[PDB]
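Data from structure05.pdb: PDB, C-alpha atoms (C1' of nucleotides)
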```
ATOM      1  CA  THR X 335     -29.756  -1.325  14.520  1.00  0.00           C
ATOM      2  CA  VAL X 336     -27.551  -1.814  17.569  1.00  0.00           C
ATOM      3  CA  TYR X 337     -23.782  -1.346  17.431  1.00  0.00           C
ATOM      4  CA  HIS X 338     -20.974  -3.051  19.339  1.00  0.00           C
ATOM      5  CA  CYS X 339     -19.117  -0.628  21.584  1.00  0.00           C
ATOM      6  CA  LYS X 340     -15.857  -0.681  23.480  1.00  0.00           C
ATOM      7  CA  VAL X 341     -14.413   1.774  25.977  1.00  0.00           C
ATOM      8  CA  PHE X 342     -10.752   2.063  26.928  1.00  0.00           C
ATOM      9  CA  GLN X 343      -8.641   4.339  29.080  1.00  0.00           C
ATOM     10  CA  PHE X 344      -4.985   5.470  28.819  1.00  0.00           C
ATOM     11  CA  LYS X 345      -2.660   7.141  31.302  1.00  0.00           C
ATOM     12  CA  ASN X 346      -0.713   9.085  28.707  1.00  0.00           C
ATOM     13  CA  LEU X 347      -1.096   9.831  25.019  1.00  0.00           C
ATOM     14  CA  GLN X 348       1.691  12.050  23.731  1.00  0.00           C
ATOM     15  CA  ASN X 349       3.269   9.740  21.211  1.00  0.00           C
ATOM     16  CA  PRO X 350       2.148  10.967  17.787  1.00  0.00           C
ATOM     17  CA  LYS X 351       2.801   7.596  16.174  1.00  0.00           C
ATOM     18  CA  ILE X 352       0.032   6.208  18.373  1.00  0.00           C
ATOM     19  CA  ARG X 353      -2.421   9.113  17.949  1.00  0.00           C
ATOM     20  CA  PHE X 354      -1.931   8.630  14.235  1.00  0.00           C
ATOM     21  CA  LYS X 355      -2.665   4.884  14.530  1.00  0.00           C
ATOM     22  CA  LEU X 356      -5.761   5.687  16.586  1.00  0.00           C
ATOM     23  CA  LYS X 357      -7.259   8.248  14.169  1.00  0.00           C
ATOM     24  CA  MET X 358      -6.406   6.334  11.020  1.00  0.00           C
ATOM     25  CA  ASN X 359      -7.721   3.073  12.340  1.00  0.00           C
ATOM     26  CA  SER X 360     -10.935   4.778  13.457  1.00  0.00           C
ATOM     27  CA  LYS X 361     -11.685   6.145  10.001  1.00  0.00           C
ATOM     28  CA  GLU X 362     -10.489   3.066   8.137  1.00  0.00           C
ATOM     29  CA  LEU X 363     -12.837   0.860  10.176  1.00  0.00           C
ATOM     30  CA  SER X 364     -15.807   3.209   9.935  1.00  0.00           C
ATOM     31  CA  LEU X 365     -15.876   3.242  13.745  1.00  0.00           C
ATOM     32  CA  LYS X 366     -17.726   6.133  15.297  1.00  0.00           C
ATOM     33  CA  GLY X 367     -16.998   7.471  18.740  1.00  0.00           C
ATOM     34  CA  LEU X 368     -14.070   9.534  20.032  1.00  0.00           C
ATOM     35  CA  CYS X 369     -10.781   9.835  21.960  1.00  0.00           C
ATOM     36  CA  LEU X 370     -10.260  12.383  24.752  1.00  0.00           C
ATOM     37  CA  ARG X 371      -7.597  13.391  27.322  1.00  0.00           C
ATOM     38  CA  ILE X 372      -7.206  16.176  29.839  1.00  0.00           C
ATOM     39  CA  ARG X 373      -4.382  18.419  28.596  1.00  0.00           C
ATOM     40  CA  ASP X 374      -1.717  17.192  26.170  1.00  0.00           C
ATOM     41  CA  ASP X 375       0.312  15.347  28.802  1.00  0.00           C
ATOM     42  CA  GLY X 376      -2.802  13.866  30.352  1.00  0.00           C
ATOM     43  CA  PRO X 377      -4.797  10.613  30.651  1.00  0.00           C
ATOM     44  CA  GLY X 378      -8.045   9.960  28.803  1.00  0.00           C
ATOM     45  CA  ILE X 379     -10.583   7.713  27.126  1.00  0.00           C
ATOM     46  CA  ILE X 380     -11.298   5.971  23.840  1.00  0.00           C
ATOM     47  CA  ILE X 381     -14.810   4.984  22.712  1.00  0.00           C
ATOM     48  CA  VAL X 382     -15.358   2.944  19.566  1.00  0.00           C
ATOM     49  CA  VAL X 383     -18.805   2.222  18.135  1.00  0.00           C
ATOM     50  CA  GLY X 384     -19.156  -0.115  15.223  1.00  0.00           C
ATOM     51  CA  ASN X 385     -19.718  -3.589  13.922  1.00  0.00           C
ATOM     52  CA  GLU X 386     -18.206  -6.469  15.872  1.00  0.00           C
ATOM     53  CA  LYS X 387     -15.284  -7.283  13.557  1.00  0.00           C
ATOM     54  CA  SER X 388     -14.110  -3.651  13.522  1.00  0.00           C
ATOM     55  CA  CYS X 389     -14.335  -3.295  17.297  1.00  0.00           C
ATOM     56  CA  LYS X 390     -12.633  -6.651  17.958  1.00  0.00           C
ATOM     57  CA  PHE X 391      -9.931  -5.740  15.473  1.00  0.00           C
ATOM     58  CA  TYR X 392      -9.457  -2.323  17.039  1.00  0.00           C
ATOM     59  CA  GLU X 393      -9.431  -3.900  20.464  1.00  0.00           C
ATOM     60  CA  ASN X 394      -6.661  -6.226  19.305  1.00  0.00           C
ATOM     61  CA  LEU X 395      -5.002  -3.096  17.982  1.00  0.00           C
ATOM     62  CA  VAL X 396      -4.949  -0.915  21.096  1.00  0.00           C
ATOM     63  CA  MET X 397      -4.435  -3.823  23.467  1.00  0.00           C
ATOM     64  CA  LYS X 398      -2.048  -6.223  21.795  1.00  0.00           C
ATOM     65  CA  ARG X 399      -0.289  -4.421  18.954  1.00  0.00           C
ATOM     66  CA  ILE X 400       0.461  -0.966  20.392  1.00  0.00           C
ATOM     67  CA  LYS X 401       3.161  -0.976  23.083  1.00  0.00           C
ATOM     68  CA  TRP X 402       2.339   2.084  25.208  1.00  0.00           C
ATOM     69  CA  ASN X 403       4.994   1.087  27.720  1.00  0.00           C
ATOM     70  CA  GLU X 404       7.910   1.937  25.446  1.00  0.00           C
ATOM     71  CA  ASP X 405       9.618   5.357  25.642  1.00  0.00           C
ATOM     72  CA  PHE X 406      10.072   7.483  22.547  1.00  0.00           C
ATOM     73  CA  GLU X 407      11.658  10.675  21.180  1.00  0.00           C
ATOM     74  CA  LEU X 408       9.686  13.863  20.587  1.00  0.00           C
ATOM     75  CA  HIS X 409      11.156  15.873  17.738  1.00  0.00           C
ATOM     76  CA  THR X 410      10.747  19.506  18.594  1.00  0.00           C
ATOM     77  CA  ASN X 411      11.416  23.058  17.425  1.00  0.00           C
ATOM     78  CA  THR X 412      14.289  23.006  19.911  1.00  0.00           C
ATOM     79  CA  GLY X 413      15.613  19.498  19.402  1.00  0.00           C
ATOM     80  CA  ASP X 414      14.805  15.954  20.491  1.00  0.00           C
ATOM     81  CA  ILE X 415      13.417  15.140  23.916  1.00  0.00           C
ATOM     82  CA  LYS X 416      13.720  11.833  25.752  1.00  0.00           C
ATOM     83  CA  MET X 417      10.037  11.042  26.229  1.00  0.00           C
ATOM     84  CA  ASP X 418       9.337   8.755  29.192  1.00  0.00           C
ATOM     85  CA  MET X 419       6.593   6.223  28.410  1.00  0.00           C
ATOM     86  CA  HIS X 420       7.490   3.545  30.952  1.00  0.00           C
ATOM     87  CA  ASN X 421       4.644   4.675  33.196  1.00  0.00           C
ATOM     88  CA  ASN X 422       1.968   4.447  30.491  1.00  0.00           C
ATOM     89  CA  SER X 423      -0.830   1.883  30.241  1.00  0.00           C
ATOM     90  CA  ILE X 424      -4.098   1.259  28.400  1.00  0.00           C
ATOM     91  CA  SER X 425      -7.004  -0.816  29.649  1.00  0.00           C
ATOM     92  CA  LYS X 426     -10.607  -1.537  28.608  1.00  0.00           C
ATOM     93  CA  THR X 427     -13.265  -0.176  30.923  1.00  0.00           C
ATOM     94  CA  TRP X 428     -16.288  -1.275  28.898  1.00  0.00           C
ATOM     95  CA  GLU X 429     -17.763  -3.262  26.123  1.00  0.00           C
ATOM     96  CA  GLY X 430     -21.261  -4.150  25.034  1.00  0.00           C
ATOM     97  CA  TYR X 431     -24.064  -2.999  22.838  1.00  0.00           C
ATOM     98  CA  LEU X 432     -25.567   0.363  22.148  1.00  0.00           C
ATOM     99  CA  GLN X 433     -29.068   0.979  20.812  1.00  0.00           C
ATOM    100  CA  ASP X 434     -28.201   4.196  19.022  1.00  0.00           C
ATOM    101  CA  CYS X 435     -25.079   6.339  19.182  1.00  0.00           C
ATOM    102  CA  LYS X 436     -25.359  10.148  19.043  1.00  0.00           C
ATOM    103  CA  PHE X 437     -21.765   9.849  17.947  1.00  0.00           C
ATOM    104  CA  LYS X 438     -21.525  11.267  14.449  1.00  0.00           C
ATOM    105  CA  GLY X 439     -17.969  10.736  13.214  1.00  0.00           C
ATOM    106  CA  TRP X 440     -14.773  10.105  15.147  1.00  0.00           C
ATOM    107  CA  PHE X 441     -12.424  12.665  16.583  1.00  0.00           C
ATOM    108  CA  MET X 442      -9.673  13.160  19.135  1.00  0.00           C
ATOM    109  CA  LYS X 443      -9.972  16.125  21.484  1.00  0.00           C
ATOM    110  CA  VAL X 444      -7.809  17.526  24.326  1.00  0.00           C
ATOM    111  CA  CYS X 445      -9.821  18.886  27.261  1.00  0.00           C
ATOM    112  CA  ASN X 446      -8.728  21.622  29.654  1.00  0.00           C
ATOM    113  CA  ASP X 447     -10.079  20.205  32.909  1.00  0.00           C
ATOM    114  CA  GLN X 448     -11.920  16.993  33.723  1.00  0.00           C
ATOM    115  CA  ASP X 449     -15.152  18.984  33.727  1.00  0.00           C
ATOM    116  CA  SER X 450     -14.726  19.947  30.104  1.00  0.00           C
ATOM    117  CA  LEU X 451     -14.094  16.290  29.373  1.00  0.00           C
ATOM    118  CA  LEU X 452     -17.294  15.277  31.099  1.00  0.00           C
ATOM    119  CA  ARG X 453     -19.395  17.887  29.333  1.00  0.00           C
ATOM    120  CA  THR X 454     -17.916  16.785  26.033  1.00  0.00           C
ATOM    121  CA  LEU X 455     -19.030  13.277  26.903  1.00  0.00           C
ATOM    122  CA  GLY X 456     -22.368  14.827  27.925  1.00  0.00           C
ATOM    123  CA  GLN X 457     -23.118  16.015  24.425  1.00  0.00           C
ATOM    124  CA  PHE X 458     -23.257  12.349  23.557  1.00  0.00           C
ATOM    125  CA  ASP X 459     -24.533  10.900  26.833  1.00  0.00           C
ATOM    126  CA  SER X 460     -21.388   8.878  27.570  1.00  0.00           C
ATOM    127  CA  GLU X 461     -20.111  10.507  30.726  1.00  0.00           C
ATOM    128  CA  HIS X 462     -21.093   7.207  32.308  1.00  0.00           C
ATOM    129  CA  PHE X 463     -18.059   5.550  30.681  1.00  0.00           C
ATOM    130  CA  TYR X 464     -15.570   7.745  32.510  1.00  0.00           C
ATOM    131  CA  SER X 465     -13.901   6.533  35.708  1.00  0.00           C
ATOM    132  CA  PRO X 466     -12.597   9.980  36.805  1.00  0.00           C
ATOM    133  CA  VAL X 467      -9.108  10.958  37.959  1.00  0.00           C
TER     134      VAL X 467
ATOM    135  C1'   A H   1      -3.054   0.463  -1.208  1.00  0.00           C
ATOM    136  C1'   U H   2       1.026  -3.358  -2.825  1.00  0.00           C
ATOM    137  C1'   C H   3       2.621  -8.239  -5.530  1.00  0.00           C
ATOM    138  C1'   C H   4       1.698 -12.079  -9.376  1.00  0.00           C
ATOM    139  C1'   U H   5      -0.952 -14.649 -13.485  1.00  0.00           C
ATOM    140  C1'   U H   6      -4.587 -14.376 -17.885  1.00  0.00           C
ATOM    141  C1'   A H   7      -7.166 -11.425 -21.761  1.00  0.00           C
ATOM    142  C1'   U H   8      -7.624  -6.590 -24.842  1.00  0.00           C
ATOM    143  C1'   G H   9      -5.992  -1.571 -26.900  1.00  0.00           C
ATOM    144  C1'   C H  10      -1.870   2.149 -28.017  1.00  0.00           C
ATOM    145  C1'   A H  11       3.587   3.538 -28.637  1.00  0.00           C
ATOM    146  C1'   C H  12       8.985   1.906 -29.631  1.00  0.00           C
ATOM    147  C1'   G H  13      12.857  -1.837 -31.270  1.00  0.00           C
ATOM    148  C1'   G H  14      14.591  -6.584 -33.679  1.00  0.00           C
ATOM    149  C1'   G H  15      13.554 -10.748 -37.622  1.00  0.00           C
ATOM    150  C1'   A H  16      10.529 -13.057 -42.023  1.00  0.00           C
ATOM    151  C1'   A H  17       7.093 -12.851 -46.520  1.00  0.00           C
TER     152        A H  17
ATOM    153  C1'   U M   1       0.559  -4.201 -45.175  1.00  0.00           C
ATOM    154  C1'   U M   2       0.642  -9.053 -42.446  1.00  0.00           C
ATOM    155  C1'   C M   3       2.983 -12.633 -38.809  1.00  0.00           C
ATOM    156  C1'   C M   4       6.565 -13.695 -34.478  1.00  0.00           C
ATOM    157  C1'   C M   5       9.484 -11.911 -30.001  1.00  0.00           C
ATOM    158  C1'   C M   6      11.021  -8.079 -25.995  1.00  0.00           C
ATOM    159  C1'   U M   7       9.943  -3.420 -23.079  1.00  0.00           C
ATOM    160  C1'   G M   8       6.607   0.714 -21.340  1.00  0.00           C
ATOM    161  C1'   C M   9       1.191   2.724 -20.289  1.00  0.00           C
ATOM    162  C1'   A M  10      -4.280   2.082 -19.325  1.00  0.00           C
ATOM    163  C1'   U M  11      -8.798  -1.200 -18.434  1.00  0.00           C
ATOM    164  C1'   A M  12     -11.090  -5.916 -16.689  1.00  0.00           C
ATOM    165  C1'   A M  13     -11.104 -11.009 -14.012  1.00  0.00           C
ATOM    166  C1'   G M  14      -8.912 -14.268 -10.090  1.00  0.00           C
ATOM    167  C1'   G M  15      -5.672 -15.436  -5.565  1.00  0.00           C
ATOM    168  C1'   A M  16      -2.502 -13.798  -1.016  1.00  0.00           C
ATOM    169  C1'   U M  17      -1.074  -9.914   2.744  1.00  0.00           C
ATOM    170  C1'   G M  18       1.529  -4.968   5.103  1.00  0.00           C
ATOM    171  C1'   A M  19       3.287  -0.004   6.794  1.00  0.00           C
ATOM    172  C1'   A M  20       2.849   4.879   7.682  1.00  0.00           C
ATOM    173  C1'   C M  21       4.832  11.992  13.213  1.00  0.00           C
ATOM    174  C1'   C M  22      -0.605  12.534  14.055  1.00  0.00           C
ATOM    175  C1'   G M  23      -5.445  15.555  17.263  1.00  0.00           C
ATOM    176  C1'   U M  24     -13.853  18.358  16.495  1.00  0.00           C
ATOM    177  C1'   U M  25     -13.075  14.623  12.061  1.00  0.00           C
ATOM    178  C1'   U M  26     -11.133  15.621   4.255  1.00  0.00           C
ATOM    179  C1'   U M  27     -15.226   7.128   4.202  1.00  0.00           C
TER     180        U M  27
END
```
Could you quickly redo this structure as C-alpha cells?
Amino acid sequence: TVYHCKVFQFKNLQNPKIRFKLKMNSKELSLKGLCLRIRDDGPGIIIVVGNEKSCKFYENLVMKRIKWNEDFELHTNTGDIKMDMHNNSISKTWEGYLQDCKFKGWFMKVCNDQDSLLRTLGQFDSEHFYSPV
RNA sequence: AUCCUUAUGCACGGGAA
RNA sequence: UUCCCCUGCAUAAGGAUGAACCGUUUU
C-alpha cells in the first residue's frame, strides 16, 4: 500500500480561520501527516498523506481556495488587532508517493526553534521535506 | 451535515356513514 | 369504529450540493 503525498510551505499562519480549515479538512479527508511552524508568528510546513482524490482536493484547497494574501483581524483579550497578511504565501515543495508513512494521525504543532521542528520531522523521517529558513 | 420526492407508524384538528 | 384532507415527529429508498475563530490529534 503506497500513499500519495504532498508537501507545502507557508510564510505565516496566524489566521485561525485558516488553521481551522487545515485541521478540519485533514480529518475529514482521512489524510495523515502534519502541519508545523516555528513560533506562532512563524513560517512552516504542511504534509498530507492519503489517497489521490483527497490530496488533490486538499491541494486545490490550500492553493486555490484559501487566500493567504488577505489581511485579517485578530480578536483579542485587549481588543481587535489589524493583522497584516499581505506578505504571506503558500507553495508546494513536494509531491509523490510514499511506501509507508510513520505518520499516525494528523496534527498541527508550533515549534520553538527550527531544530525542534527538524527533530519533530525526524520522529517520522520527513526532515528531508524541509527547505530551512 | 442540508434540501426535495415516495412509502410506513404514532399524536392533534376539520368533514361523512 | 371506518373512510377522506391538513400539520408535527421517527425510520427506509432515490437525486443534487455548501459553510463553519481553530493548534500532538475526540474518523
Neighbouring residues of range 390-405 of chain X were defined as those with any atom within 8 Å, considering all atoms listed in the file; residues of the same chain fewer than 6 positions away were excluded. Please report them as a PyMOL selection string.
chain X and resi 340+352+359+416-425
Go ahead and write the selection's residues with C-alpha atoms as an mmCIF file, keeping the file's coordinate frame.
```
data_model
loop_
_atom_site.group_PDB
_atom_site.id
_atom_site.type_symbol
_atom_site.label_atom_id
_atom_site.label_comp_id
_atom_site.auth_asym_id
_atom_site.auth_seq_id
_atom_site.Cartn_x
_atom_site.Cartn_y
_atom_site.Cartn_z
ATOM 1 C CA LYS X 340 -15.857 -0.681 23.480
ATOM 2 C CA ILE X 352 0.032 6.208 18.373
ATOM 3 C CA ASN X 359 -7.721 3.073 12.340
ATOM 4 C CA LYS X 416 13.720 11.833 25.752
ATOM 5 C CA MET X 417 10.037 11.042 26.229
ATOM 6 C CA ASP X 418 9.337 8.755 29.192
ATOM 7 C CA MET X 419 6.593 6.223 28.410
ATOM 8 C CA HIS X 420 7.490 3.545 30.952
ATOM 9 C CA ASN X 421 4.644 4.675 33.196
ATOM 10 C CA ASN X 422 1.968 4.447 30.491
ATOM 11 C CA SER X 423 -0.830 1.883 30.241
ATOM 12 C CA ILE X 424 -4.098 1.259 28.400
ATOM 13 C CA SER X 425 -7.004 -0.816 29.649
#
```
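Those residues returned by the PyMOL selection byres ((chain X) within 8 of (chain M)) for this file are residues 350, 351, 352, 353, 354, 355, 357, 361, 362, 364, 439, 440, 441, 442, 443 and 444 of chain X.
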Compile the contact shell of residue 383 in chain X as number ranges by chain: residues with an atom at most 8 Å away, counting all atoms listed in the file, same-chain residues fewer than 4 positions apart removed.
X: 337-340, 365-367, 389, 435
Once you have the residues from the selection above, write them out as a short mmCIF file (atom, residue, chain, number, x, y, z; two decimals), in the coordinates of the input, restricted to C-alpha atoms.
```
data_model
loop_
_atom_site.label_atom_id
_atom_site.label_comp_id
_atom_site.auth_asym_id
_atom_site.auth_seq_id
_atom_site.Cartn_x
_atom_site.Cartn_y
_atom_site.Cartn_z
CA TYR X 337 -23.78 -1.35 17.43
CA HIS X 338 -20.97 -3.05 19.34
CA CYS X 339 -19.12 -0.63 21.58
CA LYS X 340 -15.86 -0.68 23.48
CA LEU X 365 -15.88 3.24 13.74
CA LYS X 366 -17.73 6.13 15.30
CA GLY X 367 -17.00 7.47 18.74
CA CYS X 389 -14.34 -3.30 17.30
CA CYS X 435 -25.08 6.34 19.18
#
```
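Atom to atom, CA of residue 437 in chain X and CA of residue 371 in chain X stand 17.4 Å apart.
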Centre and edge lengths, as JSON, for the axis-aligned box enclosing every listed atom of range 17-25 of chain M with 6 Å of padding on each of the six sides, in Å to one decimal?
```
{"center_x": -4.5, "center_y": 4.2, "center_z": 10.0, "size_x": 30.7, "size_y": 40.3, "size_z": 26.5}
```
What does the distance from CA of residue 464 in chain X to CA of residue 447 in chain X come to in Å, to one decimal?
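Taking CA of residue 464 in chain X as the start and CA of residue 447 in chain X as the end point, the length is 13.6 Å.
Atom pair CA of residue 459 in chain X / CA of residue 446 in chain X has a distance of 19.3 Å (rounded to one decimal).
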Looking at X:410, X:448, X:433, X:457, which one is nearest to residue 370 in chain X, with distances taken over only C-alpha atoms?
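Selected residue with least distance to residue 370 in chain X: X:448.
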Shortest contact to residue 452 in chain X, candidates X:467, X:408, X:356, X:363, atoms counted all atoms listed in the file, goes to X:467
As a PDB file, in the frame of the given file, please: range 366-389 of chain X completed to N, CA, C and O atoms.
```pdb
ATOM      1  N   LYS X 366     -17.329   4.822  14.825  1.00  0.00           N
ATOM      2  CA  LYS X 366     -17.726   6.133  15.297  1.00  0.00           C
ATOM      3  C   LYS X 366     -17.205   6.225  16.706  1.00  0.00           C
ATOM      4  O   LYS X 366     -16.545   5.291  17.183  1.00  0.00           O
ATOM      5  N   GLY X 367     -17.466   7.341  17.376  1.00  0.00           N
ATOM      6  CA  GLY X 367     -16.998   7.471  18.740  1.00  0.00           C
ATOM      7  C   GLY X 367     -16.098   8.664  18.950  1.00  0.00           C
ATOM      8  O   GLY X 367     -16.365   9.742  18.396  1.00  0.00           O
ATOM      9  N   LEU X 368     -15.047   8.472  19.761  1.00  0.00           N
ATOM     10  CA  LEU X 368     -14.070   9.534  20.032  1.00  0.00           C
ATOM     11  C   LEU X 368     -12.881   9.080  20.877  1.00  0.00           C
ATOM     12  O   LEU X 368     -12.868   7.962  21.394  1.00  0.00           O
ATOM     13  N   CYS X 369     -11.916   9.995  21.044  1.00  0.00           N
ATOM     14  CA  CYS X 369     -10.781   9.835  21.960  1.00  0.00           C
ATOM     15  C   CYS X 369     -10.420  11.140  22.668  1.00  0.00           C
ATOM     16  O   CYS X 369     -10.035  12.101  22.027  1.00  0.00           O
ATOM     17  N   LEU X 370     -10.547  11.168  23.992  1.00  0.00           N
ATOM     18  CA  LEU X 370     -10.260  12.383  24.752  1.00  0.00           C
ATOM     19  C   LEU X 370      -9.120  12.204  25.761  1.00  0.00           C
ATOM     20  O   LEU X 370      -8.654  11.088  26.000  1.00  0.00           O
ATOM     21  N   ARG X 371      -8.661  13.330  26.312  1.00  0.00           N
ATOM     22  CA  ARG X 371      -7.597  13.391  27.322  1.00  0.00           C
ATOM     23  C   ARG X 371      -7.568  14.795  27.921  1.00  0.00           C
ATOM     24  O   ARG X 371      -7.891  15.778  27.261  1.00  0.00           O
ATOM     25  N   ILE X 372      -7.195  14.888  29.186  1.00  0.00           N
ATOM     26  CA  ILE X 372      -7.206  16.176  29.839  1.00  0.00           C
ATOM     27  C   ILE X 372      -5.812  16.778  29.767  1.00  0.00           C
ATOM     28  O   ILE X 372      -4.886  16.299  30.435  1.00  0.00           O
ATOM     29  N   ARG X 373      -5.673  17.809  28.929  1.00  0.00           N
ATOM     30  CA  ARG X 373      -4.382  18.419  28.596  1.00  0.00           C
ATOM     31  C   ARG X 373      -3.446  17.446  27.882  1.00  0.00           C
ATOM     32  O   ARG X 373      -3.528  16.234  28.069  1.00  0.00           O
ATOM     33  N   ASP X 374      -2.551  17.995  27.069  1.00  0.00           N
ATOM     34  CA  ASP X 374      -1.717  17.192  26.170  1.00  0.00           C
ATOM     35  C   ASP X 374      -0.984  16.040  26.863  1.00  0.00           C
ATOM     36  O   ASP X 374      -0.902  14.928  26.332  1.00  0.00           O
ATOM     37  N   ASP X 375      -0.495  16.304  28.067  1.00  0.00           N
ATOM     38  CA  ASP X 375       0.312  15.347  28.802  1.00  0.00           C
ATOM     39  C   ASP X 375      -0.560  14.440  29.652  1.00  0.00           C
ATOM     40  O   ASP X 375      -0.051  13.721  30.513  1.00  0.00           O
ATOM     41  N   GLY X 376      -1.871  14.478  29.424  1.00  0.00           N
ATOM     42  CA  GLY X 376      -2.802  13.866  30.352  1.00  0.00           C
ATOM     43  C   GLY X 376      -3.168  12.424  30.074  1.00  0.00           C
ATOM     44  O   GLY X 376      -2.568  11.782  29.206  1.00  0.00           O
ATOM     45  N   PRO X 377      -4.142  11.904  30.844  1.00  0.00           N
ATOM     46  CA  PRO X 377      -4.797  10.613  30.651  1.00  0.00           C
ATOM     47  C   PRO X 377      -6.213  10.817  30.118  1.00  0.00           C
ATOM     48  O   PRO X 377      -6.831  11.864  30.366  1.00  0.00           O
ATOM     49  N   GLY X 378      -6.734   9.822  29.405  1.00  0.00           N
ATOM     50  CA  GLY X 378      -8.045   9.960  28.803  1.00  0.00           C
ATOM     51  C   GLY X 378      -8.719   8.672  28.382  1.00  0.00           C
ATOM     52  O   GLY X 378      -8.395   7.592  28.884  1.00  0.00           O
ATOM     53  N   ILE X 379      -9.641   8.788  27.428  1.00  0.00           N
ATOM     54  CA  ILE X 379     -10.583   7.713  27.126  1.00  0.00           C
ATOM     55  C   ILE X 379     -10.783   7.478  25.633  1.00  0.00           C
ATOM     56  O   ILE X 379     -10.856   8.415  24.866  1.00  0.00           O
ATOM     57  N   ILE X 380     -10.878   6.223  25.210  1.00  0.00           N
ATOM     58  CA  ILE X 380     -11.298   5.971  23.840  1.00  0.00           C
ATOM     59  C   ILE X 380     -12.634   5.220  23.821  1.00  0.00           C
ATOM     60  O   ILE X 380     -12.843   4.278  24.584  1.00  0.00           O
ATOM     61  N   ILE X 381     -13.534   5.656  22.944  1.00  0.00           N
ATOM     62  CA  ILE X 381     -14.810   4.984  22.712  1.00  0.00           C
ATOM     63  C   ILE X 381     -14.974   4.654  21.231  1.00  0.00           C
ATOM     64  O   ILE X 381     -14.937   5.544  20.370  1.00  0.00           O
ATOM     65  N   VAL X 382     -15.130   3.368  20.942  1.00  0.00           N
ATOM     66  CA  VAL X 382     -15.358   2.944  19.566  1.00  0.00           C
ATOM     67  C   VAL X 382     -16.687   2.206  19.344  1.00  0.00           C
ATOM     68  O   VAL X 382     -16.970   1.164  19.955  1.00  0.00           O
ATOM     69  N   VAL X 383     -17.479   2.744  18.422  1.00  0.00           N
ATOM     70  CA  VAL X 383     -18.805   2.222  18.135  1.00  0.00           C
ATOM     71  C   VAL X 383     -18.810   1.688  16.730  1.00  0.00           C
ATOM     72  O   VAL X 383     -18.535   2.415  15.786  1.00  0.00           O
ATOM     73  N   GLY X 384     -19.109   0.409  16.570  1.00  0.00           N
ATOM     74  CA  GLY X 384     -19.156  -0.115  15.223  1.00  0.00           C
ATOM     75  C   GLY X 384     -19.650  -1.528  15.143  1.00  0.00           C
ATOM     76  O   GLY X 384     -20.263  -2.027  16.078  1.00  0.00           O
ATOM     77  N   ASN X 385     -19.402  -2.179  14.015  1.00  0.00           N
ATOM     78  CA  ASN X 385     -19.718  -3.589  13.922  1.00  0.00           C
ATOM     79  C   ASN X 385     -18.718  -4.364  14.768  1.00  0.00           C
ATOM     80  O   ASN X 385     -17.660  -3.838  15.135  1.00  0.00           O
ATOM     81  N   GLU X 386     -19.051  -5.618  15.054  1.00  0.00           N
ATOM     82  CA  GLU X 386     -18.206  -6.469  15.872  1.00  0.00           C
ATOM     83  C   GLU X 386     -16.787  -6.489  15.331  1.00  0.00           C
ATOM     84  O   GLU X 386     -15.884  -5.990  15.981  1.00  0.00           O
ATOM     85  N   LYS X 387     -16.609  -7.045  14.134  1.00  0.00           N
ATOM     86  CA  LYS X 387     -15.284  -7.283  13.557  1.00  0.00           C
ATOM     87  C   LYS X 387     -14.339  -6.074  13.637  1.00  0.00           C
ATOM     88  O   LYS X 387     -13.139  -6.224  13.900  1.00  0.00           O
ATOM     89  N   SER X 388     -14.890  -4.881  13.436  1.00  0.00           N
ATOM     90  CA  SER X 388     -14.110  -3.651  13.522  1.00  0.00           C
ATOM     91  C   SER X 388     -13.670  -3.386  14.957  1.00  0.00           C
ATOM     92  O   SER X 388     -12.523  -3.016  15.209  1.00  0.00           O
ATOM     93  N   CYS X 389     -14.604  -3.551  15.890  1.00  0.00           N
ATOM     94  CA  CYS X 389     -14.335  -3.295  17.297  1.00  0.00           C
ATOM     95  C   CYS X 389     -13.412  -4.350  17.915  1.00  0.00           C
ATOM     96  O   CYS X 389     -12.604  -4.034  18.778  1.00  0.00           O
TER      97      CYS X 389
END
```
